[PDB]
Amino acid sequence: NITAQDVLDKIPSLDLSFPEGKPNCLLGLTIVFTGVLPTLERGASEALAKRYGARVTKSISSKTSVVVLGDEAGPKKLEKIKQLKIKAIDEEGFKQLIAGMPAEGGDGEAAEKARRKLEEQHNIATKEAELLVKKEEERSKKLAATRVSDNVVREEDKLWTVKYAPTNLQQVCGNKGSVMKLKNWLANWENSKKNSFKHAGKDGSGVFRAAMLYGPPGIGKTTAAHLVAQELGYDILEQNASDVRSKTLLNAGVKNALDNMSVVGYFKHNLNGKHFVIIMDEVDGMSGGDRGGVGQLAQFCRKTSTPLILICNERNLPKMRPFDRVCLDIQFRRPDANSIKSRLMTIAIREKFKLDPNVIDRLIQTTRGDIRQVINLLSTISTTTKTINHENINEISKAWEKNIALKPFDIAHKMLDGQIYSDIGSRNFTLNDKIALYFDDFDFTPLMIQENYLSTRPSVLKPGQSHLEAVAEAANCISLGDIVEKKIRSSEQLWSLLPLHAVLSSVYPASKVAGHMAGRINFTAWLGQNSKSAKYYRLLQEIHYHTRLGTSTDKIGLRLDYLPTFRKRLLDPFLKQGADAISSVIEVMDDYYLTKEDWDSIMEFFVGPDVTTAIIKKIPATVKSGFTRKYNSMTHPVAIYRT
Amino acid sequence: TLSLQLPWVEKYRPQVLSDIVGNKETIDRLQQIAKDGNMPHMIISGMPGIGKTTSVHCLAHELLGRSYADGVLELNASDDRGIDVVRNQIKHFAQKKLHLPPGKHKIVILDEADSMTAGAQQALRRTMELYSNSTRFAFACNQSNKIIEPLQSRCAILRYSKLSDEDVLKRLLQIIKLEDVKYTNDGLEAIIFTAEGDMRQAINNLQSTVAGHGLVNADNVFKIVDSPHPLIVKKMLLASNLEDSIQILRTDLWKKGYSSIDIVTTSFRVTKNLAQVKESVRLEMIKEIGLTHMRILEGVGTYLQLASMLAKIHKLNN
DNA sequence: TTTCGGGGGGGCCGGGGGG
DNA sequence: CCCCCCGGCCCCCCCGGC
DNA sequence: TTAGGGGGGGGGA
DNA sequence: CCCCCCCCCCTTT
Ligand SMILES: Nc1ncnc2c1ncn2[C@@H]1O[C@H](COP(=O)(O)OP(=O)(O)OP(O)(O)=S)[C@@H](O)[C@H]1O
Ligand SMILES: Nc1ncnc2c1ncn2[C@@H]1O[C@H](COP(=O)(O)OP(=O)(O)OP(O)(O)=S)[C@@H](O)[C@H]1O
Ligand SMILES: [Mg+2]
Ligand SMILES: [Mg+2]
């Protein structure tokens with residue numbers, strides 16, 4: 001009949017309040033939205049596009065059927081649009097497209113493929129519902145037979161998450177690769193034990209005695225662990241945050257279970273039924289540097305004689321450092337909408353409330369990939385509203401929005417975005433919002449801002465103001481913020497000044513240089529430099545108090561004045577006289593109570609053209625060996641006598 | 001006199017879901033849940049004095065009836081709620097055997113849950129997961145962000161909105177009719193304006209005004225309820241001439257006994273929430289206010305410093 | 001990173017009581 | 001005379017704005 | 001408007 | 001089948 005291409009040809013083309021179209025009119029069209037629309041906002045335009053079953057990609061590629069070009073379009077977007085030769089339309093263009101493609105079908109193979117995929121999803125949902133009702137009928141028949149000739153819990157009284165929890169591995173949606181990897185690792189654990197965990201297979205999982213599953217909340221980590229443990233015929237010994245897992249309890253608790261037979265396995269007699277699978281769930285839930293037992297669990301991971309699976313939500317936390325390279329790491333990513341659309345449709349039809357498949361993705365966006373949260377949202381909403389569609393999708397999504405604290409990189413990216421500092425953008429993301437964004441991680445926000453405020457192309461420059469001037473203003477404000485921070489952490493503990501520190505350290509300098517990140521966002525380098533400075537100051541103090549009885553100065557004077565002459569009288573002789581100057585160097589060292597470690601540290605202090613790394617390396621190894629032998633073959637004096 | 005009159009906030013505390021005003025959709029959802037049961041884990045968040053504890057208690061009562069005493073475990077910030085409590089008392093309550101109708105469950109009400117420690121919240125996770133067949137949890141808090149993400153994932157989110165002046169007026173009229181309180185429209189308007197959507201504050205102010213003066217009119221209401229100083233600070237910051245701002249500072253704030261620290265903190269907050277002013281100007285005003293706040297915290301809390309702050313703000317605005 | 005102060009949780013030590 | 005229960009220090013870890 | 005770069009996984013000439 | 005689309009996730013004490 002009519003193909004979307006001919007409609008687009010009819011629609012006016014662009015070169016470098018809305019009509020109610022028929023259902024799924026934009027089906028099979030990949031609409032990429034860019035710029036600013038006159039009447040519709042980005043969110044409103046995306047919602048309108050989804051209302052008609054149109055894929056809304058966040059980027060532009062060869063599959064971008066159409067493009068919605070508005071005011072203030074991204075330069076990269078225009079560059080890629082011209083490179084890929086993709087048509088663009090205006091607000092009236094989109095209006096005519098929705099009102100000029102009513103057949104909702106009959107277009108090219110893309111529309112037919114989309115319809116076939118939708119029918120396949122519906123059929124899968126119906127088949128799953130049929131299986132569920134068959135299971136319910138079987139359970140009811142067994143219950144009636146038992147009753148005819150203990151109180152059980154009826155399914156109607158159970159939470160939807162429990163009622164629809166996966167029963168086997170296949171029912172787990174998303175993270176198929178991770179699930180398969182875990183299954184393979186656990187299946188061949190006995191073979192790895194036979195090889196003493198020395199040989200590594202194709203996947204390299206044969207050298208780990210423990211596995212660590214990590215991912216965001218409500219994605220199926222515990223479910224997958226339990227399912228894999230049950231499938232391979234193991235006995236599960238599970239621990240969680242509800243149990244005491246301190247170092248003492250760990251030593252007196254599960255430690256004895258590492259190499260112990262299971263009595264239940266013996267009395268329930270698979271060949272692996274007598275062996276334990278120790279599941280430590282919510283591993284990040286234990287607090288304590290040493291008494292918590294995180295380090296103790298890491299040590300256990302290195303000698304466990306039975307499979308050990310750890311589960312945590314935050315793998316990069318400092319508390320998790322002991323688990324660096326001792327367990328096989330398995331990441332569970334946020335599942336995509338498609339992998340769970342069939343499950344959501346099955347739940348919707350079984351619970352006898354209507355759910356529009358075109359809004360499911362939005363619900364996922366509300367929950368940030370939290371399947372448990374999605375099921376809870378459906379259960380709570382369906383109690384009063386039996387139909388879910390575009391009529392009330394916006395309100396439901398806004399009400400249940402998951403306000404997750406941003407990470408330092410995301411905080412830096414958002415705070416340095418120039419849009420939020422414009423007249424229009426400031427009314428949506430207010431100053432209070434920016435202060436809250438700082439308070440998300442007050443400890444790291446000022447450091448990230450100071451690190452990344454010189455690596456942006458600004459878009460908020462005032463007329464006649466250069467990038468350098470704004471940078472200087474931001475630096476001045478950052479210095480004032482540092483003064484305020486010093487005030488906060490003094491003996492007076494003026495924590496009430498924290499909000500002001502938010503403005504001076506992050507919000508104001510960011511507003512001065514807000515724009516587009518000219519390059520990759522970098523983590524703050526100040527902490528590593530501070531640690532290096534502390535180490536070097538400790539070394540300098542050690543050297544100074546070794547030579548105190550001979551010199552007349554403070555440690556700073558020793559670094560600035562004495563060290564060059566000491567270099568001239570310690571390093572130059574080796575380079576000039578070869579190995580014949582070892583005696584003079586040793587004599588100078590003895591005169592000042594210096595040791596070999598002191599010699600190396602002194603050589604490590606110099607900068608600029610006096611760096612000694614290359615010079616030290618170029619020295620023949622024989623000279624260094626002779627120097628070490630001569631130093632070790634004699635007695636030396638001691639400056640500080642420890643007792 | 002050794003006798004006390006019961007506060008009207010307690011005497012007229014709603015006992016059923018139908019007596020709660022505001023947040024109509026959430027109240028209807030709670031009513032439906034009470035009718036049908038199968039209450040899920042829930043987190044109720046919102047501003048102070050809007051009827052969160054009232055809603056939770058009413059829902060529990062309608063759900064459990066005669067079994068309320070046995071089937072409800074209530075814990076708040078005044079009770080012990082450490083990790084040991086979660087691991088022993090709450091676990092014992094969850095595992096407790098209690099025969100209930102075919103659509104009811106035991107309820108744990110953790111009021112002011114935002115004050116609970118991270119360890120207790122973490123320990124609650126598997127307790128909620130394992131015993132959901134017989135026990136359900138209802139958290140009530142002011143800031144939902146303090147609740148860890150795993151607990152939020154396990155609960156249904158109910159964000160309470162501020163009460164509109166219409167609902168406050170409706171409840172106040174019911175209370176007045178039940179108490180036979182002589183009033184005037186202007187007095188009720190003043191009470192509503194001073195309440196700022198706080199039903200508890202409005203009821204307390206009404207009761208205090210009736211006790212202290214009898215007739216509820218603007219004069220008596222304002223005598224009992226002082227005009228909020230944030231509005232005075234906003235007027236001071238928005239004054240066109242430095243002389244007017246200094247006049248307001250000296251007459252409405254300094255001579256009334258307001259401390260300099262309170263004045264400067266309120267100025268900071270009001271400037272932060274001043275949408276009518278350009279954001280960059282607000283940032284400059286905040287810089288000046290922070291300088292003054294640091295000076296006051298150091299110990300120089302004088303009227304001269306506040307006057308200098310106002311002068312600098314006006315210079316910036318010019 | 002961290003200059004007080006508060007809160008919480010876990011580990012021993014030791015007084016008292018019981019057998 | 002010896003073992004166990006249970007109160008109190010001692011230490012160590014973690015916020016600190018709204 | 002997408003900071004750069006790497007990993008996972010559905011679609012397909 | 002390699003290539004592409006598309007998204008998510010890591011940089012990080
Ligand atoms: N991939 C999934 N597929 C189907 N349902 C899921 C999935 N993930 C989570 N759920 C549902 O949410 C419920 C809880 O899943 P969990 O296995 O506990 O996720 P989780 O990652 O372990 O959450 P945390 O880490 O304890 S907060 C399941 O019983 C399911 O009903
Ligand atoms: N929606 C309401 N309808 C009627 N009275 C209310 C309402 N909200 C509050 N009140 C009255 O104010 C009193 C206290 O209400 P609460 O439920 O305790 O408010 P709250 O939000 O729980 O306070 P916080 O958050 O713990 S400070 C009630 O006993 C009622 O008398
Ligand atoms: Mg879990
Ligand atoms: Mg309350």
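Only heavy atoms go into these numbers, but all of them, side chains included; no hydrogens, no water, no symmetry mates. To find a chain, count down the sequence lines: A is the first, B the second, and so on, and within it residues start at 1.
Nucleic acid contact class of A/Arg457 (heavy atoms, under 4.0 Å, all strands): none. In this structure, B/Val85 reaches neither bases nor backbone, as no heavy-atom distance under 4.0 Å exists between it and the strands shown. Using a 4.0 Å heavy-atom criterion, one finds that A/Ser287 contacts no nucleic acid atom at all. Residue contacts for B/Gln143: at a heavy-atom cut-off of 4.0 Å it reaches a base atom on one of the strands shown. In this structure, A/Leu447 reaches the bases: a heavy-atom distance under 4.0 Å links it to at least one base atom across the strands shown. Nucleic acid contact class of A/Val36 (heavy atoms, under 4.0 Å, all strands): sugar-phosphate only. Residue contacts for A/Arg334: at a heavy-atom cut-off of 4.0 Å it reaches the sugar-phosphate backbone alone, with no base atom in range. Contacts of A/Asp443 with the nucleic acid, taken as non-hydrogen atoms under 4.0 Å apart, include base atoms.
Applying the salt bridge (charged side-chain N to carboxylate O under 4.0 Å, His left out) test to residues at least two apart or on different chains, none of the pairs has a partner in residues 61-83 of chain A. Residues in residues 412-435 of chain A take part in these salt bridge (charged side-chain N to carboxylate O under 4.0 Å, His left out) pairs, two or more places apart or across chains: A/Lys434-B/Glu279. Residue pairs satisfying the side chain to side chain donor-acceptor pair (under 3.5 Å) criterion with at least one member in residues 487-498 of chain A, sequence neighbours excluded, are listed as follows: A/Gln493-A/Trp495.
B/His229 is linked by a ring-ring contact (aromatic ring centres under 6.0 Å, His included) to B/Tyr258, counting only residues two or more places apart in sequence or in another chain. Here A/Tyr421 pairs with nothing under the ring-ring contact (aromatic ring centres under 6.0 Å, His included) rule; sequence neighbours left out.
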Polar-atom pairs under 3.5 Å, protein N or O versus N or O of nucleotides 3-6 of chain E: list them with distances, or write none.
residue : atom : partner  : partner atom : Å
E/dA3   : OP1  : A/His413 : NE2          : 3.3
E/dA3   : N7   : A/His413 : ND1          : 3.3
E/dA3   : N3   : A/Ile521 : N            : 3.4

Using nucleotides 7-12 of chain E, report all nitrogen or oxygen pairs with the protein that are shorter than 3.5 Å.
residue : atom : partner  : partner atom : Å
E/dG9   : OP1  : A/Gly177 : N            : 3.0

Short N/O separations, protein against nucleotides 9-12 of chain C, under 3.5 angstrom:
residue : atom : partner  : partner atom : Å
C/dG9   : OP1  : B/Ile83  : N            : 2.5
C/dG9   : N2   : A/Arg291 : NH1          : 3.0
C/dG10  : OP1  : B/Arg87  : NH1          : 3.0
C/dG10  : OP1  : B/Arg87  : NH2          : 3.0
C/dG10  : OP2  : B/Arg87  : NH2          : 3.2
C/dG11  : OP1  : A/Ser246 : OG           : 2.6
C/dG11  : OP1  : A/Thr248 : OG1          : 2.7

Please table the atom pairs, donor to acceptor, closer than 3.5 Å between any side-chain atom in residues 248-255 of chain A and protein atoms at least two apart or in another chain.
residue  : atom : partner  : partner atom : Å
A/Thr248 : OG1  : A/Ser246 : OG           : 3.4
A/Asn251 : OD1  : A/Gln296 : NE2          : 3.3

Self-check item: Step-by-step side chain to side chain donor-acceptor pair (under 3.5 Å) determination, B/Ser78 to B/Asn76
Solution: CA-CA 5 Å; B/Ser78 74; B/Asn76 56 61; 2.4 Å; yes
Self-check item: From CA spacing to verdict: salt bridge (charged side-chain N to carboxylate O under 4.0 Å, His left out), A/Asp290, A/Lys247
Solution: CA-CA 8 Å; A/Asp290 191 9; A/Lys247 197 214 280 273; 3.1 Å; yes
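The gap from the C1' atom of F/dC3 to that of E/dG10 amounts to 13 Å, rounded to the nearest Å. On the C1' atoms, F/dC7 is 44 Å away from C/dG7, given to the nearest whole Å. Across the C1' atoms, F/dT13 and C/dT2 are found 14 Å apart, a figure rounded to whole Å. Taking the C1' atom of each, D/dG7 and C/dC12 are spaced 13 Å apart, rounded to whole Å.
Contacts between residues 429-438 of chain A and DNA chain C, defined by a heavy-atom separation under 4.0 Å, are absent. DNA chain C is contacted by no residue of residues 418-426 of chain A, taking any non-hydrogen atom closer than 4.0 Å.
Side-chain contact between A/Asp370 and A/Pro216 is absent, with no heavy-atom pair separated by less than 4.5 Å. Counting heavy atoms from C-beta outward, A/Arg315 and A/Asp329 have side chains that approach closer than 4.5 Å. Residues A/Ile435 and A/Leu431 form a side-chain contact, since some pair of their non-hydrogen atoms from C-beta on lies under 4.5 Å apart. At a threshold of 4.5 Å between non-hydrogen side-chain atoms, the residues A/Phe332 and A/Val179 count as touching.
Taking only side-chain nitrogens and oxygens, A/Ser531 never comes nearer than 4.0 Å to OP1 or OP2 of F/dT13. Residue A/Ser62 places at least one side-chain N or O closer than 4.0 Å to OP1 or OP2 of F/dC5. One finds no side-chain N or O of A/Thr34 lying less than 4.0 angstrom from the OP1 or OP2 phosphate oxygen of E/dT1. Residue A/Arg42 places at least one side-chain N or O closer than 4.0 Å to OP1 or OP2 of E/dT1.
Candidate nucleotides F/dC9, D/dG17, F/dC6 were compared by shortest atom distance to the side chain of A/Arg368, and F/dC9 ranks first. The A/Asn316 side chain lies nearest to F/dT11 when the options are F/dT11, D/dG16, F/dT13.
Among A/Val503, A/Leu498, A/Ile449, the one residue that satisfies the side-chain contact (heavy atoms from CB on, under 4.5 Å) test with A/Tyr438 is A/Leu498.
Distance, A/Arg55 CZ to F/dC5 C1': 8 Å, rounded to whole Å. A/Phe442 places its CZ atom 14 Å from the P atom of C/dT2, with the value rounded to the nearest Å. Distance CG (B/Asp114) to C1' (D/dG17): 15 Å, rounded to an integer number of Å. To the nearest angstrom, P of C/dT1 lies 16 Å from CG of A/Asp482. The NZ atom of A/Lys535 sits 16 Å away from the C1' atom of F/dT13 (whole-angstrom rounding).
With hydrogens and angles left out, the side-chain atoms of A/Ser339 and A/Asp336 include a donor and acceptor closer than 3.5 Å. Residues A/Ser242 and A/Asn240 bring a donor and an acceptor atom of their side chains to less than 3.5 Å of each other.
As the counterpart of D/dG17, no nucleotide is assigned, since no Watson-Crick or G-U wobble pattern has both distances under 3.5 Å.
Remark: the bases of D/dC10 and C/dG10 meet in a Watson-Crick or G-U wobble pair, both edge contacts within less than 3.5 Å.
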Quiz item: How does DNA chain F read in dot-bracket, base by base from 5' to 3', with Watson-Crick or G-U pairs under 3.5 Å and | used when the partner is on another strand?
Solution: ......|||||..
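More than 12 heavy atoms of other shown residues, nucleotides or ligands fall within 6.0 angstrom of atom CZ in A/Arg362. Other residues, nucleotides and ligands place more than 12 heavy atoms under 6.0 Å from the OH atom of A/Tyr536.
Stacking is found between A/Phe439 and the pyrimidine-like six-membered ring of the D/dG17 base under the 5.5 Å centre-distance and 30° plane-angle cut-offs.
Each of A/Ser491 and A/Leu527 lies near DNA chain C, and the nucleotide nearest A/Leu527 is the one positioned closer to the 5' end.
In this structure, D/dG17 is classed as syn because its glycosidic torsion stays within 90° of zero.
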